[PDB]
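Asks: Have a look at this fold, sequence not included:
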């Protein structure tokens with residue numbers, strides 16, 4: 001993947017949008 005990601009993953013790597021944190025994308 002060439003981004004969306006990079007910001008992303010981090011997001012789900014954390015715990016997903018279940019985090020206080022919404023989509024990269």
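Replies: Everything's here; your move. Residues are numbered from 1 along each chain as shown.

Asks: contacting residues around the residue lying closest to residue 8 once chain neighbours are set aside?
Replies: Among residues not flanking residue 8 along the chain, residue 24 sits closest, at 3.3 Å (C-beta to C-beta, 6 or more residues apart in numbering). Heads up, the C-betas are built off the backbone N, CA and C, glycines and all. The contact partners of residue 24, taken as C-beta atoms under 8 Å, 6 or more residues apart in numbering, are 4, 5, 6, 7, 8, 9, 10, 11.

Asks: one more time with 6 Å, if that's ok
Replies: By C-beta atoms under 6 Å, 6 or more residues apart in numbering, the contact list for residue 24 reads 4, 7, 8, 11.

Asks: Among these, which lie within helices?
Replies: Judged by DSSP state H, the subset of the contacts of residue 24 located in helices is residue 11.

Asks: Selecting buried members of the contacts of residue 24 in ChimeraX, what would you type?
Replies: A single ChimeraX command selects the buried members of those (16 or more other C-beta atoms under 10 Å):
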select :11
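
Asks: which one of the contacts of residue 24 sits closest to residue 17?
Replies: Nearest to residue 17 among the contacts of residue 24: residue 11, at 6.9 Å, using C-beta to C-beta.

Asks: for that closest one, what are its contacts?
Replies: Contacts here follow C-beta under 6 Å, 6+ apart; on that basis residue 11 touches 21, 24.

Asks: one more time with 7 Å
Replies: Applying C-beta atoms under 7 Å, 6 or more residues apart in numbering to residue 11 gives the contacts 17, 19, 21, 23, 24.

Asks: would CSV of these with secondary structure be doable?
Replies: Below are those laid out as CSV (DSSP: H, G, I helix; E, B strand; the rest coil):
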residue, secondary structure
17, coil
19, coil
21, coil
23, coil
24, coil
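
Asks: Which of these ranks first by neighbour count?
Replies: When neighbours are taken as other C-beta atoms under 10 Å, the top entry among those is residue 24 (15 neighbours).

Asks: For residue 13, pull up the helix or strand it's in.
Replies: For residue 13, the host element (DSSP states H and E) is helix 10-14.

Asks: for that helix, which positions count as buried?
Replies: Buried positions in helix 10-14, judged by neighbour count with 16+ other C-beta under 10 Å: residue 11.
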